Amino acid sequence: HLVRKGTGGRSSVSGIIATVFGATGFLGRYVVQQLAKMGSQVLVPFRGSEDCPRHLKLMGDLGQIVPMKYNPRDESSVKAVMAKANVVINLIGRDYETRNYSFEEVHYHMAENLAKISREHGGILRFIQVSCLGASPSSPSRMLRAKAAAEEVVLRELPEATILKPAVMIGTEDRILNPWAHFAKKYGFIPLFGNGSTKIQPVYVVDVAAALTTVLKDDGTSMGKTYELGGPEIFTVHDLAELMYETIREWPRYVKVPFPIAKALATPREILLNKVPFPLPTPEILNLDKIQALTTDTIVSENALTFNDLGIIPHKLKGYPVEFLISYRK
Amino acid sequence: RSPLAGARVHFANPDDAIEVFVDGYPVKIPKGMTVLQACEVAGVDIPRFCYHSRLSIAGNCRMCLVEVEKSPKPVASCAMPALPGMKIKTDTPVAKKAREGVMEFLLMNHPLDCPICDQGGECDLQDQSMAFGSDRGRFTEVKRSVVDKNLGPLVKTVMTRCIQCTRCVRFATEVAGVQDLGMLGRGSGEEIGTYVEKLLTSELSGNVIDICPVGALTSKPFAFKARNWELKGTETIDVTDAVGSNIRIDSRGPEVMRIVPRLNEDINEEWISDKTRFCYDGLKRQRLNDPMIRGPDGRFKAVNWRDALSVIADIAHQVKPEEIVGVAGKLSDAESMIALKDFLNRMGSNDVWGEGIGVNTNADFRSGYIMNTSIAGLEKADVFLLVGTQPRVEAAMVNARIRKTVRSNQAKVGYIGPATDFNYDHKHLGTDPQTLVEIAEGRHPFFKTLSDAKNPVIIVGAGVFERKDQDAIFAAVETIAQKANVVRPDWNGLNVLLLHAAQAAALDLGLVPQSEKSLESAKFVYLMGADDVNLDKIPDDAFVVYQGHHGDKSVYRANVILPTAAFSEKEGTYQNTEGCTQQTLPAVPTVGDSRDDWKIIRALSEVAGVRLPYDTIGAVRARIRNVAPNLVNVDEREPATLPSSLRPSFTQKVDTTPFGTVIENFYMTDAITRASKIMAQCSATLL
Amino acid sequence: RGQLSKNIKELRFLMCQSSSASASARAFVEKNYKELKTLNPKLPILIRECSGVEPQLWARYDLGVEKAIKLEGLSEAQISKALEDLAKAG
Amino acid sequence: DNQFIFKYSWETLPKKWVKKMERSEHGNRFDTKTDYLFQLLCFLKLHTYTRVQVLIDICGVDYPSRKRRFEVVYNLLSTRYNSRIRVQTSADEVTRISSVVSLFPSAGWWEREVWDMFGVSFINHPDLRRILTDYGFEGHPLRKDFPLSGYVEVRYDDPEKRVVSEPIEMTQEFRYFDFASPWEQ
Amino acid sequence: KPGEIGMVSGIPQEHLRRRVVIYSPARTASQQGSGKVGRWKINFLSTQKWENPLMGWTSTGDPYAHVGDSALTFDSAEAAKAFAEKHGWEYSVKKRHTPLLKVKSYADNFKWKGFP
Amino acid sequence: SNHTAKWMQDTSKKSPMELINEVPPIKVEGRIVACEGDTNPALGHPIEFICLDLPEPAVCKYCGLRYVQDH
Amino acid sequence: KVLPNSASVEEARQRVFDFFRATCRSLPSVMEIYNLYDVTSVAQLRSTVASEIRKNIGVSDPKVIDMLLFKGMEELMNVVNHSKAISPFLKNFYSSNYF
Ligand SMILES: NC(=O)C1=CN([C@@H]2O[C@H](COP(=O)(O)OP(=O)(O)OC[C@H]3O[C@@H](n4cnc5c(N)ncnc54)[C@H](OP(=O)(O)O)[C@@H]3O)[C@@H](O)[C@H]2O)C=CC1
Ligand code: SF4
Ligand code: SF4
Ligand code: FES
Ligand SMILES: [Zn+2]
């Protein structure tokens, strides 16, 4: 049992040692900040450059944020990283492929390895794994299918594991609103995909982090549950684009390219990546996996547990979450 | 010109007040009071090394020298009596030169080991040297050296630092009552201690290090742990004994570092017992810090306060309210005890009792169950009759005050009870309530002494409470009082010497058991830190919840364990045998997620069906005022004017069983004391 | 009178050592405590005296139900009648 | 030294406002009432034989025991006659004392500093905004009851992308060492 | 009014309602000097100190951890009560214990025992 | 032992306790000694005078060196 | 500009009214300063300011009233310059011992 030894805030104990795999990403910043604000110790395992977790160093007290260099393909290195861990958080996953890492390798195999190591190390009390909202075995997107398989194998190997399924997350370092704003500023228009009639439930990233913190603080009510996380109201892609354009105070402009030609445009990247030995530019917008995910709606199923069941209301996406887009005005 | 330290002068009679001049300003002083105290009244303090207010007078250090007019030589302030119209001066060049020379002579052989000396910043030699002595040293020859002495597991001795003030030689003679320490030798090199290897052993032996001005005698458990300036001192009281002696707890951070006495003329002048002084060590061992539940396998699993309270409430609701019993521990504040009583009563049970309370105890008279004479009255007493009590092992400060009275005026003290060793030449009258009845009937020379001796005192031990014939015992004692004029309109000599801190407050709140089979005919047991409740009596198929701070004896039987705060971590009201009620103060943070006793009682009540009407300690003390208003007058003694002679007697004869030793160790009596490693060492060595 | 223990679980008197208002309560508590404790032994009849508290009588019945009555302006007979009423109201 | 214009002032100054005077080698001292401080400083600045025409500084001292805890001290200098003088008054938290910005223009920043550190407000200050502490500071740091480490501390909050202010949670608490000797009195 | 000064002093409202203890620190038992007595202190009962996980230091979170013992020294209990009432926090004054002077004599040190 | 392991974790080099136990006692003819720390009094510790009537070696309490009387 | 202490309750009331006027006129500037237009409710902000003034009625000393108004004007300038069922007892009990 974790024991709290302080009032709270910075320079406390909170009795939690959380190893946050994938803490250098978009959500890693917020989850590590929340954990360090709790007063807990955060082990940040970083893959490559030594300056990747640099910012994560400043959000915790002295010695609370510990960066560890590892090899994701090294079981011994993963075990060494998870040696002092008390709870484990998994955020590892990339929106695209690379000649080294495919969708299956970056999500399913890594989730299986993390679950196996957590099961072997009996000191782990909580295992919170993050996937996508549309992660289903029948989902058209390969990445969504891989995340669904990863969540299934995490449940199978480690029943004492909570699975969060947030929808698309917007924030200062998001990968949808920022590319849309950059495209709008550079070319004066943004490409809608299948006339933008599909619907999503974008969710605020600090809200997702607070949801994860509440899941960690649960008194044993969510040991083996899956929590679907979404925004207050359903936004169509066109509505989200209009909100973005209103926030930047620019005139909206759309082309609404059809799905077949969009898939044709995004197709050559995969074959080129599998062929050439040098890396290709990452697809910020023209991503075949993003197209495949956009083929079907990604909203809450009304059956699985949501923000209301967890205990925190989602934030409306007009003014608090989109305040970062002001820097994009003029 | 206020007196030094705000001191109040005691005039034997207003007629006797001579006018003595100190530094030009005249003051009124009693006749026999000395020059040092004359200047103390005037408001100026004089350096002193071999003078203690409680101890006798000796001119060992010769440093309290002042210039009195019409006198060729400087006179010792601590010894010269004050005469009418005497012109005393302390700031003259003669006095300053005398002080400087005496300081130089004191420091000419003092070792240069202040940095390793544990008296850094609290050494009278250092402060008086920096205030009155010179800033240089003319001595550069060979010093003197003394080998160290082994004086027990409490007093570490570095005899090179001793200035031979004989303050501890006459302390063991006068206050402690055991004559082992002595000044043996002659000349510049004279040693102090025992000729043979004799570890000093006494209840007050801890005070020897306190009065040593230099770091010659120091607390061994606190050998080199910390300095003085680091420690923050909180003024609190002690719970190991029922004296309620005032203490100061010095702590450095989250842990208690030492315990020292503090002045309270009504309870303990400046002294402290070994158990009280060294009980701090047990506060860091075997300390419960998490609510726990005993699973089916018999091992404890740590759970949340919510889960623990929920399971306790469910089990309490499951059983019928008739077989529900509540036991208050040896140490417990009135807030926790009243909260426990209210919770159990609202659960439908009337079986709440405190530790050390008999089945049939007439707790309806405070004059019946407290020390009516008070400690000052014990000072004023002339003859003592100690029945069923051994003050040397319980209420060591009361024993010290009895010894002081015996020394001050020859008191014919008679003792009835088990064989024991005293230090004030007692007379062993007998070992039997039958002998007590003989004294009551009046066919006894000690009854004759009590009858023809003014100001008599009869002290009944609180171990009589556990007896079945306590009503007959108290009837006999009341007969003694009636036929010896012990209870007078201006003097009350009846006293009951309680031996537990929570006993007085428990009796005030009315925590008395209702049946003999109460503990062994109950299905739900609530042990409020009761580690001496005879766990084998409780049936095996009984749900036991132990609300405590140290895991000593009841944890192995409890089904649920609740961690709380000790006396040094909570603000709680206690009452002493004298009748004075006083509050402890929070010195150090609580250990783990342990809440207050009354706090967890109220939370458990709210979790259960019946919620206690109070949410703050202010409302708790309001409820305490409602039930017994004598516990809401902090540091105030409330006399009980109703006589104890109104209590009826139900047993017509006393039992033949002799008085037993209720306290067998004095070094392992409470939970903290038993958990104290240094006190265990003291029990092993000094017994 | 001899059946206080039938309903009352614990009786309490609270007064002052030398208050004028509590003067009438002291004789009552003396004599009546003697005679009742002669009658019913198991009943606690606790007596408490403070510096300035108003003279009052508390009766605690089962399930921890407390009823208090002020005795500041009642004579001995009135206090006895009030105690009998408290016993009967249990 | 140079106790000439001090004695001359006590000889010539009106006796109505001289509450008390101190003749010391540590500095000649005048203590007056807050009502007449402006008039007293105007007399000293303008008189031809006590020309303290330069204001050295204004200081505040906190005395929690006294009814009027704050003590406002004015150190002035006379370069023409080469001597320093001291004029002080007593003020509490709420009462406003007269300002001497009109006489000595340098007094504005010292009076703002006194406001900042203690809370003694001035009557005729052109402005009385805080000068030394952080924007939005809530307490008065130089009061004795004010804790040494303050009430709040700042840090960078990544989600807010700004430096936020939070209640103090500092590690390695201040260790107050009680060195005072019982024989010093 | 008892509390206006505190409510306008800028102290955070959460710290303006807390029980404090007003007491005169007693003389140290280690030494007999009486120059550190007669002063009165406000005892902010702030015991929330823990151990720093990295270096084992004594952390704290209460701003009033040491100010009452370090900076706030009052001339008298009346002054301390006035300060506490001005600043609004609840207070409880602890009675100070005072030594009692009695006549002592070296002649009584050498007393004569009675006849055998 | 416990104290050494509490302040040090190397447990590979020799702790100061072992070195100071390994240095032999210093035999002196006189009954009293002057313990200074090293050959230069100004670079050692405050002077400590040690009594040597007890048969066992006496620790200096500064730079503890265990002086022993000759006869 | 700072003014001498108010010698009358009517003068203190007039100063309070002037300060409330200043707050009301400076409210729309705070709108562009902070940009919380979604759930600001300028009317609710005015109501909250009035509620603060109304909870500060227990004060009766004109000096305290003037000091409070001075600090309120200072706070206004700072804001303009952009410087930011289990009963209550059981929740605190489950949280920590110090409550
Ligand atoms: N698009 C979105 O924002 C949404 C995402 N999700 C889910 O949440 C997960 C986390 O999202 P998010 O943090 O925002 O995205 P990121 O891609 O920014 O976070 C992943 C982190 O892991 C690292 N990483 C990436 N690939 C590997 C690899 N092969 N081996 C080791 N480390 C790797 C990343 O870079 P580095 O190596 O430099 O540390 C980064 O630090 C996603 O994978 C997805 O399943 C759910 C809803 C919306
Ligand atoms: S008592 Fe002596 S050895 Fe100890 S510090 Fe003081 S002057 Fe030095
Ligand atoms: S050991 Fe201490 S108290 Fe005893 S004579 Fe020596 S200096 Fe005095
Ligand atoms: S104190 Fe008087 S001679 Fe020592
Ligand atoms: Zn040495």
# chains A, B, ... in the order shown; residues from 1 in each chain; ligands from 1
>>> closest_atom_pairs(of="chain B", to="chain F", cutoff="12 Å", atoms="only C-alpha atoms", output="CSV")
residue,atom,partner,partner_atom,distance
B:109,CA,F:49,CA,9.9
B:110,CA,F:49,CA,10.1
B:111,CA,F:48,CA,6.6
B:112,CA,F:46,CA,6.0
B:113,CA,F:46,CA,7.2
B:114,CA,F:46,CA,9.5
B:115,CA,F:46,CA,9.4
B:116,CA,F:61,CA,7.9
B:117,CA,F:61,CA,10.2
B:140,CA,F:47,CA,10.7
B:141,CA,F:34,CA,10.7
B:142,CA,F:49,CA,7.9
B:143,CA,F:49,CA,6.5
B:144,CA,F:49,CA,6.9
B:145,CA,F:51,CA,4.9
B:146,CA,F:51,CA,5.5
B:147,CA,F:51,CA,5.7
B:148,CA,F:51,CA,9.2
B:149,CA,F:54,CA,10.8
B:158,CA,F:61,CA,10.6
B:159,CA,F:51,CA,10.6
B:160,CA,F:50,CA,8.8
B:161,CA,F:49,CA,11.4
B:189,CA,F:51,CA,11.6
>>> write_last_selection(atoms="C-alpha atoms", output="short mmCIF file (atom, residue, chain, number, x, y, z; two decimals), in the first residue's frame")
data_model
loop_
_atom_site.label_atom_id
_atom_site.label_comp_id
_atom_site.auth_asym_id
_atom_site.auth_seq_id
_atom_site.Cartn_x
_atom_site.Cartn_y
_atom_site.Cartn_z
CA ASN B 109 42.34 22.50 35.27
CA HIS B 110 39.22 22.16 33.12
CA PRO B 111 39.99 20.04 30.03
CA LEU B 112 39.90 21.68 26.60
CA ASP B 113 37.19 19.29 25.42
CA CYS B 114 34.13 21.50 25.03
CA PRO B 115 33.58 20.44 21.36
CA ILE B 116 33.21 16.79 22.41
CA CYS B 117 31.46 17.80 25.65
CA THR B 140 49.98 26.80 30.39
CA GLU B 141 51.39 24.03 32.63
CA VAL B 142 50.26 20.41 32.97
CA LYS B 143 46.56 19.94 33.69
CA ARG B 144 45.04 17.19 35.82
CA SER B 145 43.32 14.12 34.41
CA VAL B 146 40.76 11.73 35.90
CA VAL B 147 39.75 8.28 34.66
CA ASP B 148 36.10 7.87 33.73
CA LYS B 149 33.61 6.08 35.98
CA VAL B 158 33.71 12.35 32.17
CA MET B 159 35.33 13.20 35.49
CA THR B 160 38.01 15.44 33.98
CA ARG B 161 35.28 18.08 33.53
CA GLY B 189 43.05 15.85 42.83
#
>>> select_by_dssp(residues="region 81-131 of chain B", states="helix (DSSP H, G or I)", output="ChimeraX atom specification")
/B:93-107,124-131
>>> interface_residues(of="chain A", to="chain G", cutoff="10 Å", atoms="only C-alpha atoms", output="JSON, numbers by chain")
{"A": [4, 5, 6, 7, 316, 318, 319, 320, 323]}
>>> write_last_selection(atoms="N, CA and C atoms", output="PDB file, in the first residue's frame")
ATOM      1  N   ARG A   4       1.262   8.209   1.940  1.00  0.00           N
ATOM      2  CA  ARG A   4       1.539   9.622   1.726  1.00  0.00           C
ATOM      3  C   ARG A   4       2.219  10.193   2.961  1.00  0.00           C
ATOM      4  N   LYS A   5       3.284  10.965   2.745  1.00  0.00           N
ATOM      5  CA  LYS A   5       4.086  11.499   3.838  1.00  0.00           C
ATOM      6  C   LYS A   5       4.211  13.016   3.779  1.00  0.00           C
ATOM      7  N   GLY A   6       3.304  13.699   3.083  1.00  0.00           N
ATOM      8  CA  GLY A   6       3.410  15.138   2.965  1.00  0.00           C
ATOM      9  C   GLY A   6       2.058  15.795   2.801  1.00  0.00           C
ATOM     10  N   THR A   7       2.072  17.126   2.898  1.00  0.00           N
ATOM     11  CA  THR A   7       0.852  17.900   2.690  1.00  0.00           C
ATOM     12  C   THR A   7       0.345  17.746   1.261  1.00  0.00           C
ATOM     13  N   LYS A 316     -14.962  21.849 -22.075  1.00  0.00           N
ATOM     14  CA  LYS A 316     -15.404  22.321 -23.380  1.00  0.00           C
ATOM     15  C   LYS A 316     -14.212  22.830 -24.179  1.00  0.00           C
ATOM     16  N   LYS A 318     -13.626  25.201 -26.337  1.00  0.00           N
ATOM     17  CA  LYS A 318     -13.681  26.553 -26.894  1.00  0.00           C
ATOM     18  C   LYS A 318     -13.145  27.544 -25.864  1.00  0.00           C
ATOM     19  N   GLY A 319     -11.831  27.755 -25.882  1.00  0.00           N
ATOM     20  CA  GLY A 319     -11.210  28.811 -25.105  1.00  0.00           C
ATOM     21  C   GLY A 319     -10.133  28.349 -24.144  1.00  0.00           C
ATOM     22  N   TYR A 320     -10.392  27.277 -23.402  1.00  0.00           N
ATOM     23  CA  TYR A 320      -9.358  26.704 -22.547  1.00  0.00           C
ATOM     24  C   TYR A 320      -8.400  25.823 -23.348  1.00  0.00           C
ATOM     25  N   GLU A 323      -6.472  27.758 -26.666  1.00  0.00           N
ATOM     26  CA  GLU A 323      -5.796  29.023 -26.415  1.00  0.00           C
ATOM     27  C   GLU A 323      -4.395  29.057 -27.011  1.00  0.00           C
TER      28      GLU A 323
END
>>> residues_around(residues="region 68-73 of chain D", least_positions_apart="2", cutoff="6 Å", atoms="only C-alpha atoms", output="NGL selection string")
:D and (58-64 or 66 or 87-92)
>>> residues_around(residues="region 205-208 of chain A", least_positions_apart="2", cutoff="6 Å", atoms="only C-alpha atoms", output="ChimeraX atom specification")
/A:169,210-211
>>> residues_near_ligand(ligand="ligand 1", cutoff="8 Å", atoms="only C-alpha atoms and all ligand atoms", output="VMD selection string")
chain A and resid 21 to 28 46 to 49 52 71 to 72 91 to 95 101 to 102 105 to 107 110 130 to 133 143 to 144 147 165 to 170 174 to 176
>>> select_by_dssp(residues="chain C", states="strand (DSSP E)", output="VMD selection string")
chain C and resid 8 to 16 45 to 50 56 to 61 65 to 70
>>> residues_around(residues="residue 2 (chain C)", least_positions_apart="3", cutoff="10 Å", atoms="only C-alpha atoms", output="ChimeraX atom specification")
/C:5-6,35-41
>>> closest_residue(among="D:114, D:168, D:128, D:180", to="chain G", atoms="only C-alpha atoms")
D:128
>>> residues_around(residues="residue 81 (chain C)", least_positions_apart="3", cutoff="12 Å", atoms="only C-alpha atoms", output="PyMOL selection string")
chain C and resi 1+28+32+69+71+74-78+84-88
>>> residues_near_ligand(ligand="ligand 4", cutoff="9 Å", atoms="only C-alpha atoms and all ligand atoms", output="number ranges by chain")
B: 36, 46-52, 57-65, 75-79, 165
>>> residues_near_ligand(ligand="ligand 5", cutoff="6 Å", atoms="only C-alpha atoms and all ligand atoms", output="ChimeraX atom specification")
/F:35-37,60,62-64
>>> write_last_selection(atoms="N, CA and C atoms", output="PDB file, in the first residue's frame")
ATOM      1  N   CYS F  35      47.984  14.955  24.676  1.00  0.00           N
ATOM      2  CA  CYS F  35      47.556  14.416  23.393  1.00  0.00           C
ATOM      3  C   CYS F  35      47.211  15.595  22.492  1.00  0.00           C
ATOM      4  N   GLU F  36      47.921  15.723  21.372  1.00  0.00           N
ATOM      5  CA  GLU F  36      47.792  16.894  20.520  1.00  0.00           C
ATOM      6  C   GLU F  36      47.341  16.592  19.099  1.00  0.00           C
ATOM      7  N   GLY F  37      47.408  15.341  18.654  1.00  0.00           N
ATOM      8  CA  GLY F  37      46.915  14.994  17.337  1.00  0.00           C
ATOM      9  C   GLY F  37      47.993  14.634  16.336  1.00  0.00           C
ATOM     10  N   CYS F  60      42.116   8.703  23.697  1.00  0.00           N
ATOM     11  CA  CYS F  60      42.372  10.133  23.821  1.00  0.00           C
ATOM     12  C   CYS F  60      41.100  10.972  23.730  1.00  0.00           C
ATOM     13  N   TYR F  62      40.120  12.410  21.451  1.00  0.00           N
ATOM     14  CA  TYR F  62      40.494  13.203  20.293  1.00  0.00           C
ATOM     15  C   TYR F  62      41.580  12.403  19.600  1.00  0.00           C
ATOM     16  N   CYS F  63      41.402  12.081  18.324  1.00  0.00           N
ATOM     17  CA  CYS F  63      42.427  11.345  17.579  1.00  0.00           C
ATOM     18  C   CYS F  63      42.823  10.058  18.302  1.00  0.00           C
ATOM     19  N   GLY F  64      41.829   9.376  18.882  1.00  0.00           N
ATOM     20  CA  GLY F  64      42.051   8.353  19.894  1.00  0.00           C
ATOM     21  C   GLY F  64      43.220   7.420  19.650  1.00  0.00           C
TER      22      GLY F  64
END
>>> residues_near_ligand(ligand="ligand 3", cutoff="7 Å", atoms="only C-alpha atoms and all ligand atoms", output="list in words")
residues 50, 159, 162, 163, 164, 165, 166, 167, 168, 169, 192, 211, 212, 213, 214, 216 and 217 of chain B
>>> interface_residues(of="chain D", to="chain G", cutoff="6 Å", atoms="only C-alpha atoms", output="list in words")
residues 94, 123, 126, 127 and 136 of chain D
>>> write_last_selection(atoms="C-alpha atoms", output="PDB file, in the first residue's frame")
ATOM      1  CA  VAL D  94      -4.339  51.321   9.834  1.00  0.00           C
ATOM      2  CA  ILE D 123      -1.320  60.797   3.348  1.00  0.00           C
ATOM      3  CA  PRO D 126       1.684  61.154  -5.340  1.00  0.00           C
ATOM      4  CA  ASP D 127       1.591  57.363  -5.669  1.00  0.00           C
ATOM      5  CA  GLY D 136       0.493  40.963  -6.528  1.00  0.00           C
TER       6      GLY D 136
END
>>> interface_residues(of="chain D", to="chain A", cutoff="10 Å", atoms="only C-alpha atoms", output="list in words")
residues 155, 156, 157, 158, 159, 160, 161, 166, 167, 168, 169, 170, 171 and 172 of chain D
>>> write_last_selection(atoms="C-alpha atoms", output="PDB file, in the first residue's frame")
ATOM      1  CA  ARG D 155       7.533  27.320 -10.335  1.00  0.00           C
ATOM      2  CA  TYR D 156       7.039  26.552 -14.019  1.00  0.00           C
ATOM      3  CA  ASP D 157       3.776  24.740 -14.798  1.00  0.00           C
ATOM      4  CA  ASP D 158       4.164  22.977 -18.145  1.00  0.00           C
ATOM      5  CA  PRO D 159       0.416  22.546 -18.911  1.00  0.00           C
ATOM      6  CA  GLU D 160      -0.145  26.250 -18.228  1.00  0.00           C
ATOM      7  CA  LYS D 161       3.047  27.201 -20.130  1.00  0.00           C
ATOM      8  CA  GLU D 166       1.780  28.007  -5.260  1.00  0.00           C
ATOM      9  CA  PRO D 167       1.777  27.803  -1.450  1.00  0.00           C
ATOM     10  CA  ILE D 168       5.177  27.041   0.027  1.00  0.00           C
ATOM     11  CA  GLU D 169       6.175  23.378   0.337  1.00  0.00           C
ATOM     12  CA  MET D 170       9.894  23.877   0.804  1.00  0.00           C
ATOM     13  CA  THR D 171      12.212  21.021   1.742  1.00  0.00           C
ATOM     14  CA  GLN D 172      14.958  21.432   4.348  1.00  0.00           C
TER      15      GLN D 172
END
>>> residues_around(residues="residue 15 (chain F)", least_positions_apart="5", cutoff="9 Å", atoms="only C-alpha atoms", output="ChimeraX atom specification")
/F:4,8,20
>>> interface_residues(of="chain C", to="chain B", cutoff="12 Å", atoms="only C-alpha atoms", output="NGL selection string")
:C and (8-19 or 23 or 25-68)
>>> closest_residue(among="E:4, E:85, E:108, E:14", to="chain G", atoms="only C-alpha atoms")
E:4
>>> interface_residues(of="chain E", to="chain D", cutoff="6 Å", atoms="only C-alpha atoms", output="list in words")
residues 10, 11, 33, 34, 35, 36, 57, 58, 59, 60, 61, 63, 67, 71, 72, 74, 75 and 79 of chain E
>>> closest_residue(among="E:28, E:97, E:53, E:62", to="chain G", atoms="only C-alpha atoms")
E:62
